[PDB]
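>>> Give me coordinates for this.
(5 chains)
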Amino acid sequence: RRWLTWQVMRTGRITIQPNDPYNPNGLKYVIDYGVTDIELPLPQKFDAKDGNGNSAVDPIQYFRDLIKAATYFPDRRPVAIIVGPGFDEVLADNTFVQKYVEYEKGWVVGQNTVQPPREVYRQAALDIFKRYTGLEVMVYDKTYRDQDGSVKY
Amino acid sequence: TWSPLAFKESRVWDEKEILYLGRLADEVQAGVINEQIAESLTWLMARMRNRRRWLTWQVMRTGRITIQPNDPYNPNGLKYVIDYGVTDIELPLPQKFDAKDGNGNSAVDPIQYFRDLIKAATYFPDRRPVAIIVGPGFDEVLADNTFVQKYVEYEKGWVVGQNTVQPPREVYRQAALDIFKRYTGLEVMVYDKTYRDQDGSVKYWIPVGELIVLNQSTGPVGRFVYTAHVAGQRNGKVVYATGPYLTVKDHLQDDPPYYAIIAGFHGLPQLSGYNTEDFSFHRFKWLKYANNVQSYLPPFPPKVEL
Amino acid sequence: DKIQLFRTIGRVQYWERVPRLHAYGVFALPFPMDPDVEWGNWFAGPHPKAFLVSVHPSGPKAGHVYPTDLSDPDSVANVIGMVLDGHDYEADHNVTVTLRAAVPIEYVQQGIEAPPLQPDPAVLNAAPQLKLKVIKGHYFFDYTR
Amino acid sequence: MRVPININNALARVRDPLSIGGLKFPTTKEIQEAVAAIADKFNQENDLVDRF
Amino acid sequence: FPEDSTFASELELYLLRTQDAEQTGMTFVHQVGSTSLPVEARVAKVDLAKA
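Numbering: from 1, shown residues only, chains lettered A, B, ... in the order given. Take a look at the structure below.
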């Protein structure tokens, strides 16, 4: 039941082939559900960091751009995001999100402080993400072991 | 002088469809015309209200009722150019509030601009602004201005090189209305109401990079006047009536029996009062304040067509 | 393939009837229809449409109406009126032809390959010899005279 | 102008009474009906200039 | 999603959509001593779909 369920959740497409685990009878199903535009486009991701040290895409602005472009598409604005394990470590090395963290604590780097390490600089990366995008974040770091490789999420 | 305009129209139902139509699912004993005339009767009331608001808005927008022959809902092909006396309806502004000359700095301080208009009308009391009515994208113009920004920084203590990293555009725009209201003293009303174009997308009534400037009062500017129309007789004497009328002609007993409805009225808008010294009218003026305001706006759904 | 997505089945369009001038007057007489004419593609469509009919003056089909061949001068000379918002051609073969009315030019097409709600330029071009008078974008016709 | 139909009587009518598939007999099924009304929300009336 | 039971072998959905005509179309212009003019024709429509 969970395999068919995750097959819809991941692709919107139940595909069963003959050369397949636990299909000895050699059957054929290609069940296309009506899921429209399952992948959001993002050609430079968040940790591209083109140039010297500055990145390219603001996730606080990107996920606010999506809410703005669906003010009259009420079935289409985002409400929550469910992420794997390493989402805070992308936000803390972003050089756009960092200026949001510096703003809410008064961290001008030239005065007032030397720049801190990534401890509190990542510890507040969730709440500043949750307050400025307004959406919920759930972490699902649950794991499985592959047939051949190491442990995957 | 002043003299009104006339407009009326009609619709007729012939003899086939009066007793040859029921519903489409079930079977009905020929009474659906009573349902469909009652809607078409209410629709002609919604025409005369729609024609009034077209004439009224045509004054508010240009001060010029212009009716050309090749025009929607002018089959009769009539010429009208009705010039009112609205003086200098377009405020001059050769560079917008979002010109951004050079690196990142703009060229026009808009808070100084409207305050420059208030100072230049200290002894022209019918000519200082009291309120502004804008479309949706007015704060997005103000927040990216580099003059207004220095007003936002001043009321909170934000020197950028010290004391703070420069804030995001959330707080930088959330406080943009009240600093415009405190330093110009005037009122801002938002009219974000929309309509759908014929070929184009959804548009706003007050256009996107444009606004209106109300002078000395925010009360009613003008008047819409209904003039007399010939009603029937009562005791051999002709009786008159004003406003929209709706006459019913039932020819349901002749050899092709039919049925008609006629609606119309007589009227025209009229401005209230001009300046007695030099005959000038300036209560509302239009300002094209920016250009790329649609880039700050969400898109609209296309019209679903079965 | 075990799930079908939504696809539409029914397509019903309900237009209104062809408008005409109230004050000009009506005069209409029922005529028999020509069986040689395929009347299906003349009453095809939900759109408001009028079209001109001629009449056979003699022969074995005399007194029967057929749509006007604008390329034939004899069928132009025998026009008798218009059919307004066509009837059940399948249950009955006797159409009511309007001989006197006042109809806008957007509702009269002769060719089947003519778009609805648009003026037919072949009708406007032959309107002198079709006894049509175009005033304010409306056809005025009376075939009692 | 609305089309003169019945809502409930047309959903119960556009469905085949005499249809068999590749299986030579009628199958069990289950039917849910839904009704939508389509209107342009973004074509609104200029009620501003009544007060002017 | 939770789990559900039906005791059937197929499920079908029907959707009926309606689209009325709008009350638009300003008004025709007149002169006082003449006759009126007729109003254009509108259109309403319905569709229906199946899954």
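>>> so which residue of chain A comes closest to chain E?
Chain A approaches chain E most closely through residue A:5 (7.5 Å), counting by CB to the nearest CB. C-beta: built from backbone N, CA, C; applies to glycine.
>>> check contacts around that residue.
Contacts here follow CB atoms under 8 Å, 6 or more residues apart in numbering or on different chains; on that basis residue A:5 touches residue E:1.
>>> Around chain A, pick out the residues from chain C.
C:1-3, C:5-6 (CB under 8 Å from any CB of the partner chain).
>>> Ok, chain D next?
For chain D, the contact set with chain A under CB under 8 Å from any CB comprises residue D:42.
>>> If we look just around chain B, which residues of chain D are in range?
Within chain D, the positions near chain B by CB under 8 Å from any CB are D:1-6, D:9-10, D:13, D:38, D:40, D:42-52.
>>> Repeat that for chain A.
So far as CB under 8 Å from any CB goes, chain A lies against chain B at A:60, A:68-73, A:99-100, A:102-103, A:106-108, A:110-112, A:132.
>>> switch the cut-off to 7 Å
Chain A comes close to chain B at residues A:68-69, A:71-73, A:99-100, A:102-103, A:106, A:108, A:111, A:132, as judged by CB under 7 Å from any CB of the partner chain.
>>> Could you provide those residues in TSV, with additional columns for distance to residue E:29?
Formatted as TSV, these follow (distance: CB to CB, whole Å):
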residue	distance to residue E:29
A:68	43
A:69	42
A:71	39
A:72	36
A:73	40
A:99	61
A:100	59
A:102	65
A:103	60
A:106	67
A:108	67
A:111	71
A:132	55
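>>> among these, which are in helices?
Among the residues of chain A next to chain B, the members found in helices (DSSP state H) are A:68, A:99-100, A:102-103, A:132.
>>> Compare these and tell me which has the most neighbours.
For these, the largest number of neighbours (other CB atoms under 10 Å in any protein chain shown) sits with residue A:100, at 22 neighbours.
>>> Who are the contact partners of that one?
A:60, A:128, A:132, B:168 (CB atoms under 7 Å, 6 or more residues apart in numbering or on different chains).
>>> coming back round to it: so how far is the helix or strand the residue of chain A closest to chain E falls within from its chain's centroid?
With elements taken from DSSP states H and E, the one containing residue A:5 is helix A:2-11. Distance, stretch centre to chain centre, for helix A:2-11: 19 Å (CA atoms, centre = their mean, to the nearest Å).
>>> ditto for stretch C:15-31
That offset, for stretch C:15-31, works out to 12 Å (CA atoms, centre = their mean).
>>> got the contact list for the longest strand anywhere in chain C?
Ranked by residue count and defined by DSSP state E, the top strand of chain C is strand C:94-104. Contact partners of strand C:94-104, identified using CB under 7 Å, 6+ apart, comprise C:18-21, C:24-33, C:50, C:53, C:65, C:80-84, C:87, C:137-144.
>>> Looking at chain A, which residue reaches furthest from the middle?
residue A:25 (38.5 Å; CA atoms, centre = their mean).
>>> Could you pull up phi and psi at that residue?
phi -80, psi -10 (degrees, to the nearest 10).
>>> likewise residue E:5?
phi -130, psi 150.
>>> I am finished for the moment; much appreciated.
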